[PDB]
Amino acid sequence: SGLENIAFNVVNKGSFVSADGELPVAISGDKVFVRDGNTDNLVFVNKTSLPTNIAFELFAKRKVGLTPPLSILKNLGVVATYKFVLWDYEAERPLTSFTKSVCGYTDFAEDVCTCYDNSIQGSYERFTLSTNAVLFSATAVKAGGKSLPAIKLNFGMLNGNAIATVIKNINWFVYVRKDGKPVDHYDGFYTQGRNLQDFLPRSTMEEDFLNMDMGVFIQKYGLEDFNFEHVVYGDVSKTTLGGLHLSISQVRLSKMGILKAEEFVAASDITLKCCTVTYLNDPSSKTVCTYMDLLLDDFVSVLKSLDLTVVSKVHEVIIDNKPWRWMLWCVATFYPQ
């Protein structure tokens, strides 16, 4: 019911819970202070292009706890969100510049592609009545009796941290509507949204990839055909650095010594990452390294779709519901863009 109120909620509850109360608030440049006793504590720092007080409010009104991965929602063309805001924790910014019934400043009028949270009363109804829109739910929408064509997710984010199923089940179901018309498209591959430091294997294959030597691993999974000498492992034997087009391959290399990734831009909503990687111990490096995080199993399966029977070609493979062009030689070198 005001900035001071928002501050109170955040200082105490960590987010905006609608709780009643107020704290004195100072806005200096990109910083937000709240006065406690005789001194001011800095509760927020603005990383966005929005007015600080506003960016603060949006962050307070963010969806808290378990949340859907942002990368897909970005690709789906989402513009405004309804009665809530998705926070990109890496980028330290909201997923959108636009909002519906959240913040008087960011609130938006004209009809536009809009994301709906199914845990919010009356959202789903508004979804079906929308020409263009997206909806996500913890549970599969029933019409009628079994399921709807959807996007199924065994993973997601918890308080901004990459999370996934293990006995805990994490599930997301995404639905899409274009030009008045629902869609059955929905395929085939999705990024796991894991970072370098906190990376944990989500599969038994990934469990093995980090531990086993290249030979025993390759032999085990029958990857002998595909050449990992260059790609998917990476080679410091050369001054210019081979492979590392998977988030997971970098993780293995950082176990063998000091690996530094500096991304050009950083966001959790980006499907295809681009960084500059440097390996210190045997000093190779890659000025432009294009990578993305895939469940290794999902990646191998996309290798199965290939052949040694062409010299070169573009395969576009479908990830986060976009075409992504990968370039190939023969198997010798493989990589996106």
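Note that residue numbering follows the sequence shown and begins at 1.
The gap between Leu3 and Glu4 holds no unmodelled residues of the deposited sequence. In the deposited entry, the stretch joining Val166 to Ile167 is interrupted by 4 to 9 residues of the deposited sequence lacking coordinates. On average the C-alpha atoms of 240 to 248 have higher B-factors than those of the other stretch, with 130 to 138 and 240 to 248 being the two compared. Higher mean CA temperature factor, per the PDB entry, when comparing 291 to 299 with 44 to 52: 291 to 299. Reading the B-factor column for the CA atoms of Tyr82, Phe173, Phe209, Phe98 in the entry, the top value corresponds to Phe209.
When the C-alpha B-factors of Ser268, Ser305, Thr67, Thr39 are read from the PDB record, the largest value belongs to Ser305. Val231 sits in the highest third of its chain by CA B factor, as recorded in the PDB entry. In this PDB entry, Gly156 carries a Cα temperature factor that places it within the middle third of its chain's modelled residues. Compared with the other modelled residues of the chain, the Cα B-factor recorded for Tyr105 ranks in the lowest third.
In this PDB entry, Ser28 carries a Cα temperature factor that places it within the lowest third of its chain's modelled residues. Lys220: CA B factor lies in the highest third for its chain, per the PDB record.
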